[PDB]
Amino acid sequence: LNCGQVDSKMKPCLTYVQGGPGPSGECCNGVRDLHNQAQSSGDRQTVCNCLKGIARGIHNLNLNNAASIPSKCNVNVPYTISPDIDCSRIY
Ligand SMILES: *[C@H](CCCCCCCC(=O)O)C(=O)C/C=C\CCCCC
Ligand code: NA
Ligand code: NA
Ligand SMILES: [Zn+2]
Ligand SMILES: [Zn+2]
Ligand SMILES: [Zn+2]
């Protein structure tokens, strides 16, 4: 329930969000894991803000690939992954 945990679960997605092929099975597993673990509104907000800051800290972020993760992995993330997510209005 901290950004350390969030960046760990998402590490398998790193090559994909830097413009490489994907998302891998392991990447989709990481995001699905996070979704299952983020069961409350508070958890969803914390994970949102972690992902926004992480998106911001990734060198040469491929915006299209980053945004595509939830739909490509069939995970119901309630916002679009980018360096500029509005984490205030989830649900
Ligand atoms: C971990 C990357 C850490 C970047 C610095 C974050 C600092 C945050 C702050 O608020 O200051 C990773 O390697 C995770 C890789 C995948 C993330 C993919 C989803 C987001 C695009
Ligand atoms: Na994006
Ligand atoms: Na919004
Ligand atoms: Zn897992
Ligand atoms: Zn920060
Ligand atoms: Zn769900």
# chains A, B, ... in the order shown; residues from 1 in each chain; ligands from 1
$ closest_atom_pairs --of "chain A" --to "ligand 2" --cutoff "6 Å" --atoms "only C-alpha atoms and all ligand atoms" --output "JSON lines"
{"residue": "A:63", "atom": "CA", "partner": "ligand 2", "partner_atom_place_in_ligand_line": "1 (Na)", "distance": 3.5}
{"residue": "A:64", "atom": "CA", "partner": "ligand 2", "partner_atom_place_in_ligand_line": "1 (Na)", "distance": 5.4}
{"residue": "A:66", "atom": "CA", "partner": "ligand 2", "partner_atom_place_in_ligand_line": "1 (Na)", "distance": 4.7}
{"residue": "A:67", "atom": "CA", "partner": "ligand 2", "partner_atom_place_in_ligand_line": "1 (Na)", "distance": 4.1}
{"residue": "A:81", "atom": "CA", "partner": "ligand 2", "partner_atom_place_in_ligand_line": "1 (Na)", "distance": 5.1}
{"residue": "A:82", "atom": "CA", "partner": "ligand 2", "partner_atom_place_in_ligand_line": "1 (Na)", "distance": 3.6}
$ residues_around --residues "residue 23 in chain A" --least-positions-apart "3" --cutoff "12 Å" --atoms "only C-alpha atoms" --output "PyMOL selection string"
chain A and resi 10-20+26-31+64-74
$ write_last_selection --atoms "N, CA, C and O atoms" --output "mmCIF file, in the first residue's frame"
data_model
loop_
_atom_site.group_PDB
_atom_site.id
_atom_site.type_symbol
_atom_site.label_atom_id
_atom_site.label_comp_id
_atom_site.auth_asym_id
_atom_site.auth_seq_id
_atom_site.Cartn_x
_atom_site.Cartn_y
_atom_site.Cartn_z
ATOM 1 N N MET A 10 4.884 -3.423 -10.673
ATOM 2 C CA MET A 10 4.884 -2.948 -12.084
ATOM 3 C C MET A 10 6.229 -3.065 -12.834
ATOM 4 O O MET A 10 6.299 -2.808 -14.036
ATOM 5 N N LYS A 11 7.312 -3.420 -12.138
ATOM 6 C CA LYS A 11 8.630 -3.519 -12.799
ATOM 7 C C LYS A 11 8.652 -4.360 -14.117
ATOM 8 O O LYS A 11 9.343 -4.013 -15.091
ATOM 9 N N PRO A 12 7.915 -5.483 -14.145
ATOM 10 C CA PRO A 12 7.875 -6.247 -15.393
ATOM 11 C C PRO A 12 7.322 -5.439 -16.598
ATOM 12 O O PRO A 12 7.499 -5.863 -17.738
ATOM 13 N N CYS A 13 6.667 -4.295 -16.356
ATOM 14 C CA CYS A 13 6.131 -3.480 -17.440
ATOM 15 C C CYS A 13 7.113 -2.426 -17.981
ATOM 16 O O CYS A 13 6.818 -1.723 -18.941
ATOM 17 N N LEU A 14 8.270 -2.326 -17.349
ATOM 18 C CA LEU A 14 9.207 -1.261 -17.630
ATOM 19 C C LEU A 14 9.606 -1.223 -19.100
ATOM 20 O O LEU A 14 9.525 -0.181 -19.711
ATOM 21 N N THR A 15 9.998 -2.364 -19.661
ATOM 22 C CA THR A 15 10.465 -2.334 -21.056
ATOM 23 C C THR A 15 9.366 -1.926 -22.032
ATOM 24 O O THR A 15 9.618 -1.170 -22.967
ATOM 25 N N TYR A 16 8.138 -2.391 -21.774
ATOM 26 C CA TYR A 16 6.964 -2.011 -22.565
ATOM 27 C C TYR A 16 6.668 -0.501 -22.506
ATOM 28 O O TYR A 16 6.422 0.144 -23.544
ATOM 29 N N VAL A 17 6.662 0.065 -21.304
ATOM 30 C CA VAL A 17 6.418 1.516 -21.155
ATOM 31 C C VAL A 17 7.587 2.425 -21.610
ATOM 32 O O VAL A 17 7.462 3.646 -21.621
ATOM 33 N N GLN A 18 8.704 1.820 -21.968
ATOM 34 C CA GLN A 18 9.806 2.587 -22.538
ATOM 35 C C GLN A 18 9.825 2.350 -24.054
ATOM 36 O O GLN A 18 10.802 2.658 -24.739
ATOM 37 N N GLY A 19 8.737 1.791 -24.570
ATOM 38 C CA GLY A 19 8.547 1.685 -26.023
ATOM 39 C C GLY A 19 8.865 0.324 -26.603
ATOM 40 O O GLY A 19 8.726 0.131 -27.806
ATOM 41 N N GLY A 20 9.310 -0.618 -25.766
ATOM 42 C CA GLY A 20 9.544 -1.986 -26.212
ATOM 43 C C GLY A 20 8.272 -2.802 -26.403
ATOM 44 O O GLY A 20 7.189 -2.308 -26.134
ATOM 45 N N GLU A 26 3.894 -11.252 -17.560
ATOM 46 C CA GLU A 26 4.365 -10.867 -16.230
ATOM 47 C C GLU A 26 3.945 -9.426 -15.884
ATOM 48 O O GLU A 26 3.620 -9.120 -14.728
ATOM 49 N N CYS A 27 3.942 -8.561 -16.899
ATOM 50 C CA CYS A 27 3.443 -7.208 -16.752
ATOM 51 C C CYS A 27 1.958 -7.217 -16.407
ATOM 52 O O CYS A 27 1.548 -6.595 -15.439
ATOM 53 N N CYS A 28 1.155 -7.951 -17.165
ATOM 54 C CA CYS A 28 -0.271 -8.023 -16.886
ATOM 55 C C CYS A 28 -0.531 -8.592 -15.491
ATOM 56 O O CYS A 28 -1.407 -8.101 -14.771
ATOM 57 N N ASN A 29 0.254 -9.595 -15.100
ATOM 58 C CA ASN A 29 0.158 -10.138 -13.755
ATOM 59 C C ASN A 29 0.423 -9.071 -12.709
ATOM 60 O O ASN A 29 -0.293 -9.006 -11.727
ATOM 61 N N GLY A 30 1.446 -8.233 -12.911
ATOM 62 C CA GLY A 30 1.763 -7.155 -11.961
ATOM 63 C C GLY A 30 0.601 -6.187 -11.791
ATOM 64 O O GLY A 30 0.191 -5.881 -10.679
ATOM 65 N N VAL A 31 0.070 -5.670 -12.896
ATOM 66 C CA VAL A 31 -1.101 -4.776 -12.784
ATOM 67 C C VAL A 31 -2.368 -5.408 -12.158
ATOM 68 O O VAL A 31 -3.061 -4.751 -11.402
ATOM 69 N N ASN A 64 1.711 6.112 -25.241
ATOM 70 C CA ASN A 64 0.743 5.155 -25.785
ATOM 71 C C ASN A 64 0.791 3.797 -25.071
ATOM 72 O O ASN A 64 -0.236 3.283 -24.636
ATOM 73 N N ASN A 65 1.996 3.255 -24.894
ATOM 74 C CA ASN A 65 2.165 1.928 -24.256
ATOM 75 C C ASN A 65 1.707 1.959 -22.789
ATOM 76 O O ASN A 65 0.906 1.115 -22.386
ATOM 77 N N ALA A 66 2.181 2.944 -22.049
ATOM 78 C CA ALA A 66 1.751 3.160 -20.642
ATOM 79 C C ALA A 66 0.226 3.234 -20.533
ATOM 80 O O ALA A 66 -0.348 2.556 -19.689
ATOM 81 N N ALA A 67 -0.424 4.037 -21.380
ATOM 82 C CA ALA A 67 -1.874 4.182 -21.324
ATOM 83 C C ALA A 67 -2.602 2.876 -21.667
ATOM 84 O O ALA A 67 -3.742 2.652 -21.203
ATOM 85 N N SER A 68 -1.953 2.023 -22.475
ATOM 86 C CA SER A 68 -2.589 0.827 -22.996
ATOM 87 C C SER A 68 -2.643 -0.337 -21.990
ATOM 88 O O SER A 68 -3.388 -1.270 -22.181
ATOM 89 N N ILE A 69 -1.849 -0.284 -20.926
ATOM 90 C CA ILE A 69 -1.720 -1.458 -20.048
ATOM 91 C C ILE A 69 -3.062 -2.050 -19.543
ATOM 92 O O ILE A 69 -3.302 -3.267 -19.725
ATOM 93 N N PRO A 70 -3.924 -1.222 -18.926
ATOM 94 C CA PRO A 70 -5.179 -1.824 -18.402
ATOM 95 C C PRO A 70 -6.000 -2.545 -19.503
ATOM 96 O O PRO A 70 -6.358 -3.702 -19.303
ATOM 97 N N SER A 71 -6.214 -1.907 -20.658
ATOM 98 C CA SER A 71 -7.013 -2.560 -21.711
ATOM 99 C C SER A 71 -6.320 -3.759 -22.307
ATOM 100 O O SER A 71 -6.964 -4.757 -22.599
ATOM 101 N N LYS A 72 -5.015 -3.656 -22.545
ATOM 102 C CA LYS A 72 -4.309 -4.810 -23.071
ATOM 103 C C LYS A 72 -4.251 -6.026 -22.123
ATOM 104 O O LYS A 72 -4.249 -7.177 -22.594
ATOM 105 N N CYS A 73 -4.235 -5.762 -20.814
ATOM 106 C CA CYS A 73 -4.171 -6.798 -19.756
ATOM 107 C C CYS A 73 -5.563 -7.176 -19.214
ATOM 108 O O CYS A 73 -5.684 -8.063 -18.329
ATOM 109 N N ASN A 74 -6.604 -6.511 -19.729
ATOM 110 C CA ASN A 74 -8.002 -6.755 -19.249
ATOM 111 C C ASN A 74 -8.150 -6.519 -17.737
ATOM 112 O O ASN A 74 -8.758 -7.316 -16.979
#
$ residues_around --residues "residue 45 in chain A" --least-positions-apart "3" --cutoff "10 Å" --atoms "only C-alpha atoms" --output "list in words"
residues 38, 40, 41, 42, 48, 49, 50, 51, 86, 87, 88, 89 and 90 of chain A
$ closest_residue --among "A:6, A:34, A:55, A:1" --to "ligand 4" --atoms "only C-alpha atoms and all ligand atoms"
A:34
$ residues_near_ligand --ligand "ligand 5" --cutoff "9 Å" --atoms "only C-alpha atoms and all ligand atoms" --output "MDAnalysis selection string"
chainID A and resid 49:50 52:54 56:57
$ select_by_dssp --residues "chain A" --states "helix (DSSP H, G or I)" --output "VMD selection string"
chain A and resid 3 to 17 25 to 37 41 to 57 63 to 73
$ closest_residue --among "A:36, A:60, A:8, A:80" --to "ligand 1" --atoms "only C-alpha atoms and all ligand atoms"
A:8
$ residues_near_ligand --ligand "ligand 6" --cutoff "7 Å" --atoms "only C-alpha atoms and all ligand atoms" --output "PDB file with N, CA, C and O atoms, in the first residue's frame"
ATOM      1  N   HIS A  35      -4.492  -4.280  -8.873  1.00  0.00           N
ATOM      2  CA  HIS A  35      -5.929  -4.078  -8.886  1.00  0.00           C
ATOM      3  C   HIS A  35      -6.649  -4.824  -7.752  1.00  0.00           C
ATOM      4  O   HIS A  35      -7.560  -4.273  -7.110  1.00  0.00           O
ATOM      5  N   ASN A  36      -6.243  -6.078  -7.540  1.00  0.00           N
ATOM      6  CA  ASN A  36      -6.882  -6.976  -6.564  1.00  0.00           C
ATOM      7  C   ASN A  36      -6.570  -6.485  -5.153  1.00  0.00           C
ATOM      8  O   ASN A  36      -7.411  -6.570  -4.239  1.00  0.00           O
ATOM      9  N   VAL A  75      -7.580  -5.415 -17.282  1.00  0.00           N
ATOM     10  CA  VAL A  75      -7.668  -5.038 -15.882  1.00  0.00           C
ATOM     11  C   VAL A  75      -8.376  -3.685 -15.818  1.00  0.00           C
ATOM     12  O   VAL A  75      -8.030  -2.744 -16.570  1.00  0.00           O
ATOM     13  N   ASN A  76      -9.334  -3.596 -14.908  1.00  0.00           N
ATOM     14  CA  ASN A  76     -10.229  -2.438 -14.819  1.00  0.00           C
ATOM     15  C   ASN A  76      -9.642  -1.283 -14.022  1.00  0.00           C
ATOM     16  O   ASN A  76     -10.227  -0.880 -13.010  1.00  0.00           O
TER      17      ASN A  76
END
$ closest_residue --among "A:2, A:21, A:46, A:61" --to "ligand 1" --atoms "only C-alpha atoms and all ligand atoms"
A:61
$ atom_distance --atom1 "CA of residue 43 in chain A" --atom2 "CA of residue 62 in chain A"
25.8 Å
$ closest_residue --among "A:44, A:22, A:85, A:58" --to "ligand 1" --atoms "only C-alpha atoms and all ligand atoms"
A:58
$ atom_distance --atom1 "atom 2 (C, counted along the ligand's line) of ligand 1" --atom2 "CA of residue 91 in chain A"
26.3 Å
$ closest_residue --among "A:24, A:33, A:78, A:5" --to "ligand 4" --atoms "only C-alpha atoms and all ligand atoms"
A:33
